[PDB]
Q: 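Please find one structure pasted underneath; my questions will follow.
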Amino acid sequence: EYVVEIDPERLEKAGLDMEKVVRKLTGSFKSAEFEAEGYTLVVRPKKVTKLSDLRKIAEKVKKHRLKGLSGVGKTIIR
Amino acid sequence: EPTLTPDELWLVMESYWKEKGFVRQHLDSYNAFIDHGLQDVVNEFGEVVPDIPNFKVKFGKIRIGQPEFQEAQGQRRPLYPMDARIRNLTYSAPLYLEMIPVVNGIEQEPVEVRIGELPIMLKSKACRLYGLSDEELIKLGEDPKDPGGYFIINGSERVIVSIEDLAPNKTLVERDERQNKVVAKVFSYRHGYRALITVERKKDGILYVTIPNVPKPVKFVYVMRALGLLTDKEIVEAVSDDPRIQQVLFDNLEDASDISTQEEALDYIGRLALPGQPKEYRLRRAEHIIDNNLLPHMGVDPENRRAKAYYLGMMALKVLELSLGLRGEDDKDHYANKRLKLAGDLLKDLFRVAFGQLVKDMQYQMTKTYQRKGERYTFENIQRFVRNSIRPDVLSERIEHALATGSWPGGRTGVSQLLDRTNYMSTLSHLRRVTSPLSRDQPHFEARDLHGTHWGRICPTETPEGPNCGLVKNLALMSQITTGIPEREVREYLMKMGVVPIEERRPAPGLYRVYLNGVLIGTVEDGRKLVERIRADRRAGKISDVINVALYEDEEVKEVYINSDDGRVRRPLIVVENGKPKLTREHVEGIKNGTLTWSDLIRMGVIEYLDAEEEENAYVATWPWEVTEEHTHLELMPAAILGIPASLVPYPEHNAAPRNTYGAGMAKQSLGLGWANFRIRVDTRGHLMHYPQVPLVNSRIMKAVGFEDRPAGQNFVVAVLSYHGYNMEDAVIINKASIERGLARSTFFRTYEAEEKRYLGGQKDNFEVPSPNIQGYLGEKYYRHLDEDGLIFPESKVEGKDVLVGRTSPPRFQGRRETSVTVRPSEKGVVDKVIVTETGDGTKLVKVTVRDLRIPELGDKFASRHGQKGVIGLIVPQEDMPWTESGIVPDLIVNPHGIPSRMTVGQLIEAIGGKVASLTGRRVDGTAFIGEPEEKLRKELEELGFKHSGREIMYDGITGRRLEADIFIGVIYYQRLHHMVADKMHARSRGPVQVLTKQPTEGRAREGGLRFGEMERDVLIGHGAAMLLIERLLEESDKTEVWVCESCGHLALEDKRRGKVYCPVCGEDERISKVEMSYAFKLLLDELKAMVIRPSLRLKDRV
Amino acid sequence: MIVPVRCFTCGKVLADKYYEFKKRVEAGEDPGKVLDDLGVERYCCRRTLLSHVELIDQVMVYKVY
DNA sequence: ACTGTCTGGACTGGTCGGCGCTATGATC
DNA sequence: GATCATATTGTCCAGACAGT
Ligand SMILES: [Zn+2]
Ligand SMILES: [Zn+2]
């Protein structure tokens, strides 16, 4: 499974903590267990034994939006 | 030792151009095609098996004889290009291929039978002009300065423009942003057939394979299994061994695990190709599709099918690495991945198609002869049986026709074009022209724009305007195109140098892959050492200069590329080692003395040809004084990066790029003594300058090119000044006395042809003055210039619609028709010459060349060499023109507003240089980056007694007073263009109309009208002019009256014999009304009725 | 193809002295001094004489009749 | 109810000039 | 020789459609 490591500096711009980030996928993804180890995000499988379903669920985490609105990319202030 | 001078490099470049020339690519490609291309095609076809039991005919050696022509009587005589042009004959030579019949497996006596006529390139090895001196070419009616390299088909010169295509059998990888996928494509070539094999990876991680004549992309794993590999492990290491690549492959075959055997994948392929078919039919269809479409360049036998899977694997890696960031996306416009199909390759493909059709025709002929006569007549004389079953013309009419209309087999079109004969520059530009297969209307931002690999290969400025911009380019002056060499020798040399074969050692991350012409051949431990050894051997003359070696050393992948194929545009560069160029003063002295040639310099490795792939590893120095220890090459001539017409511009670095492009484009439209044999030529249109002049400010390359011997313009004393507003908006003012003195005087020649064609039943045309009793008599005064043989006398003044050749035609289905050849209604002149000869069928042919004196007048287009163009605004008398204090009256006056707006400082520099050259008597060099400096020119102008700026004190020609401003007057080379107002004025009131739409005809030759397009109608609507629009579109173009039935709206029929109008669909002999409308609307109604649509016209009262 | 009779700017006759100028140029002398001694002082006439190239000899070889 | 895919259509106007093509394998 | 039936069947944008 994916062991996600994120840079803190980008987290300094999104304005939210890592643990709350976990709260954005615990309820949404009830088929997987999400754990936080400092600045590293580690997921745990409930019942996963095939590589086919890993590639059908790893991209759903990435496509999930933690905060904001869908379809929003860059943002600048003038 | 001195660091050399650009003059020595210019001498070396001049020697290079003297040894090779400017049409070397066409001549070399045609020589390669003649020497082995015909033999390669013949060996590829091999033999013909007709429907005869236990008998076959195999093909032997094929040769080509001298260019000869057989007349209608039957006399075979040597053929010359001038005779072919005059008599409308194709300059071709017979092809003799020996045929060896095989009876019961025993070879018989060979039979040498002509299989057709192949057109001969001018000044080629198979041409009669090869090796002839200037006097010999003069005695044959040929210009010694003519470069050749073109074909004469039906008396018209045809030039094959090179085609900038993708590299064959090379995989190019790119990413589609809209599709969010990584796509790799290869154009595999086999016997003139091109197959686009595609491997893609979508967002789901699966790999799809696109095969032609297949409607849907199928999975990569399915083709990989059907290609010969059975187990999953075979596909696993058929691609690579990198763990990421292995894991991607594991995911791929896990997703595609539903099919495990070859038969199921073949069944899927056949079902997708041909749905609703029996299983075995789909199986054989899929097998044939895989054999003849899936990478045909690897072969067609199933034995190499497994190897095709290997070629699939090298594709998958290329897809995978770009999908994982290991490698970057290669540039599609990079010239390392681009090849240049020359005339030789296209001729080989056309000859292959024609020979295949000839082979099938001969097979049908022998089958028919055996079925009719039987075995007794067939085998009693096998020499005569094979010869009589051959129709050579069937081949010939396929070749020359493709060289006539420009249409090539396989959908390629525009390959052969009419050679431009406007002047000396246009023909060279057309002979050094490269086109692209991309559509002209398509916006190709990444393809039309200039590329960094075009340095030394493609001219950066000389490009056409409009939709042809970017897609049509010209070869650079230093551009060199490779000639084919046997690849087996190169592969053997590479293997013996220390390259481990691919089948012996698997690729490794720590090993350098070796590629030969885009095909991986193995791996080596030290790629850099191998590249250095190959370069040293090439510099030592051990191997040919065609082989080019490059090394790509990235942090992830390492590769070595060796290229020895055709279509690679290269440039010569001086090898620099340890900061010292290999070219010394001794080599320059030997070149100047004639003891050393350019090929000698190439032999010792002092100067080497580099393509785009090798130059990636090179660090070139622009100037001989800028060489350092890290520099690897030295530029020979920085001014040689421009094309032949682009070098005509003096000081192109001082002008804007669009201005330089316009000047290069208009250099081909100028008028001058292009050819010394213009009077004997039979060109349909031509121009001659009475007093052509070589420019005083000319680049040194123009002397080597040959523009000085064949100038196309005159030097004009131009003063930049506003004169009564008649030079406004790019216009120019010319001197009346200068025009009357012969300045810019031109003559326009037009050639008309008349053939005494023979029809069926013995009917034929007759060359005689038509009798007034016959119909179609134009008039008594129209034949006043005809002789008793129906031919016009030379040196006879003619006008519009004047009869030149009196011809009478047999009547259709009565008296003989009139088909006399007449001058154009808007054209006139004096008959220059009359030529009487015969065509290929023995019929009489009369060509009349008529010349018209073109004195410059208002509307005549004159252009400078820096893109400054305009028409004559006023013919000002000399007494009214201003004059300087030195007593100089300008021959031209240009507006001062156009000079700074277009950023044209090169025109001012050229004016200063022309004045300096005229005052000193020494020609001023205007070569790019090595020309005479502007400040030096101003210095000598000051030393000559004139102002530094070139301004002179001028007096008004009318008032006689001194002008308050010093006017800038200098000598600028101004050329007259072929866009004269005499051939551009059109005026139609009423005349002929089209037989279909009852509308005015097209163009000016047939007295056509002027098109009032959709935009004109729109702006007339916007103006609110309803009646003006009615008068224009309806009352003046196709006004007509029809009869309409009020009961049903159908078009009523009017019978003149009965004298009554009635509706046939309905009856209604009373309620019929006349409606005025356009004939185009009636045609539209007829089209709708033909399309099973009924338009019912509901008539309404006008009030 | 042949030298113009008069200068295009002022009508000064130059065809008479062109062949002498061409002969002196082929002898290695400076064309400026040759023009100076021949009376060709204005640079327009010098333009006409210098920029002209003889080409009629290459046209006479192609007979037309 | 969304989402990627298959299918269909258009790609500024005008002008000058040229080149070239629009049958054939049986039958008496 | 002179005739004669036959002569094969490139991109981008928008609307409609199986699939989940
Ligand atoms: Zn009716
Ligand atoms: Zn003068």
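Labels below follow one simple rule: chain letters A, B, ... track the order of the sequence lines, proteins then strands, and each chain is numbered from 1. Heavy-atom basis, side chains included; hydrogens, waters and symmetry copies ignored.
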Q: Salt bridge between B:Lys828 and B:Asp852, side-chain N to carboxylate O under 4.0 Å?
A: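 A salt bridge links B:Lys828 with B:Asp852.
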Q: I'd like to compare against my own output: the B/S/- annotation of nucleotides 13-23 of chain D with a strict under-4.0 Å heavy-atom distance to protein.
A: SSSSSSSSS--
Q: How is B:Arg391 classified with respect to the nucleic acid when contacts are heavy atoms under 4.0 Å: base, sugar-phosphate, or nothing?
A: sugar-phosphate
Q: Determine, step by step, whether B:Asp361 and B:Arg391 satisfy the salt bridge (charged side-chain N to carboxylate O under 4.0 Å, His left out) criterion, reporting the C-alpha distance in whole Å, the side-chain angles of both residues, the deciding distance to 0.1 Å, and the verdict.
A: CA-CA 8 Å; B:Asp361 181 81; B:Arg391 309 194 272 168; 2.4 Å; yes
Q: So, do B:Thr837 and B:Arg87 sit near enough that their side-chain heavy atoms are less than 4.5 Å apart?
A: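 Yes; the side chains approach each other to less than 4.5 Å.
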Q: On a whole-Å scale, what distance lies between the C1' atoms belonging to D:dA23 and E:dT11?
A: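 Looking at atom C1' only, D:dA23 and E:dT11 are 41 Å apart.
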Q: Given atom CG of B:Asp393 and atom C1' of D:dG25, what is their separation to the nearest angstrom?
A: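 Between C1' of D:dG25 and CG of B:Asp393: 16 Å.
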Q: Roughly, in whole Å, what's the span from CG in B:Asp176 to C1' in D:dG4?
A: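 B:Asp176 atom CG is separated from D:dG4 atom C1' by 15 Å.
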Q: Please walk me through it: do B:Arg178 and B:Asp176 pass salt bridge (charged side-chain N to carboxylate O under 4.0 Å, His left out)?
A: CA-CA 6 Å; B:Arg178 259 144 291 109; B:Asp176 219 344; 3.7 Å; yes
Q: Judged by each residue's nearest nucleotide on DNA chain D, which is more toward the 5′ side, B:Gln365 or B:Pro467?
A: B:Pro467
Q: If you count the non-hydrogen atoms of other residues, nucleotides and ligands that lie under 6.0 Å from NZ in A:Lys60, is the total more than 12?
A: no
Q: Can you tell me which nucleotide in D:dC6, E:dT11, E:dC12 comes closest to the side chain of B:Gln442?
A: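 Looking only at heavy atoms from C-beta outward on B:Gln442, the closest nucleotide is E:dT11.
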Q: When the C1'-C2'-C3'-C4' sign is the only test used, does the sugar of E:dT9 come out north or south?
A: south
Q: Using the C1'-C2'-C3'-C4' sign, is D:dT15 on the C3'-endo (north) or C2'-endo (south) side?
A: north
Q: If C1'-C2'-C3'-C4' is positive it's north, if negative it's south, so which is the sugar of E:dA7?
A: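 On the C3'-endo side: north.
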Q: Dot-bracket, 5' to 3', for DNA chain D please: Watson-Crick or G-U pairs under 3.5 Å, [ ] where pairs cross earlier ones, | where the partner sits on another strand, dots elsewhere.
A: |||||||||||...........||||||
Q: Separation of B:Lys203 atom NZ from D:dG4 atom P, in whole Å?
A: 7 Å
Q: Output the rounded distance in Å from CG (B:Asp441) to P (E:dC12).
A: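 It is 13 Å, rounded to the nearest whole Å.
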Q: Under the criterion ring pair (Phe, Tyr, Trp, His ring centres under 6.0 Å), I'd like the reasoning laid out for B:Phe749 against B:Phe678: C-alpha separation, chi angles, the key distance, then a yes or no.
A: CA-CA 10 Å; B:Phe749 322 103; B:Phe678 71 100; 5.7 Å; yes
Q: Among all residues two or more places apart in sequence or in another chain, which pass the side-chain contact (heavy atoms from CB on, under 4.5 Å) test with B:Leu1010?
A: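 B:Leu1010 satisfies side-chain contact (heavy atoms from CB on, under 4.5 Å) with B:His986 only.
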Q: Any side-chain N or O of B:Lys216 below 4.0 angstrom from OP1/OP2 of D:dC6?
A: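 The answer is yes; a side-chain N or O of B:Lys216 sits under 4.0 Å from OP1 or OP2.
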Q: How is the sugar of D:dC11 puckered by the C1'-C2'-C3'-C4' sign, north or south?
A: north
Q: When all nucleic acid strands are considered with a 4.0 Å heavy-atom cut-off, which category describes B:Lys861: base, sugar-phosphate, or nothing?
A: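 Here B:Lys861 touches no strand at all.
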Q: Quick one: is B:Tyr364 getting a side-chain N or O under 4.0 Å of the D:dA26 phosphate, OP1 or OP2?
A: yes
Q: In this structure, are D:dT12 and D:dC11 stacked, using the six-membered base rings with centres under 5.5 Å and planes under 30°?
A: no
Q: Hey, is NZ on B:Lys332 packed in by over 12 heavy atoms from elsewhere, all under 6.0 Å?
A: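 For B:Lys332, atom NZ is not crowded (no more than 12 foreign heavy atoms under 6.0 Å).
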Q: Using the six-membered ring wherever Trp is involved, compare the ring planes of B:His687 and B:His978 and label them parallel, tilted or perpendicular (cut-offs 30° and 60°).
A: tilted
Q: Going by the sign of the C1'-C2'-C3'-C4' torsion, is the sugar of D:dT7 north or south?
A: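 Judging by the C1'-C2'-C3'-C4' torsion, which comes out negative, the sugar of D:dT7 sits south.
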Q: If I pick the P atom on D:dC19 and the same atom on E:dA14, what distance separates them, to the nearest angstrom?
A: 46 Å
Q: Could B:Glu157 and B:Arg681 be called an ion pair, given the rule that one side-chain N must be under 4.0 Å from one carboxylate O?
A: yes
Q: Would you mind reading off the distance between B:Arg178 atom CZ and E:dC13 atom P, rounded to a whole angstrom?
A: 8 Å
Q: Let me know the distance between CD of B:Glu200 and P of D:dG4, rounded to the nearest Å.
A: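 About 16 Å, once rounded to whole Å.
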Q: State whether the side chain of B:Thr427 and the backbone N or O of B:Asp420 hold a donor-acceptor pair below 3.5 Å, judged by distance alone.
A: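 The answer is yes, because a donor-acceptor pair under 3.5 Å joins these two groups.
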Q: When rounded to the nearest Å, what value does the distance between P atoms of D:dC16 and E:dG15 take?
A: 41 Å
Q: Write down the distance between CD (B:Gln179) and P (D:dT5), rounded to a whole number of angstrom.
A: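 About 9 Å, once rounded to whole Å.
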Q: Mind checking B:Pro437 for me? I need base, sugar-phosphate or nothing, with any heavy atom below 4.0 Å counting as a touch.
A: sugar-phosphate
Q: Given the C1' atoms of D:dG13 and E:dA18, what is the spacing between them in whole Å?
A: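 My reading of the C1' atoms in D:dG13 and E:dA18 gives 43 Å.
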Q: CD of B:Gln371 versus P of D:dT27: gap in Å, rounded?
A: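 Those two atoms, CD and P, are 12 Å apart.
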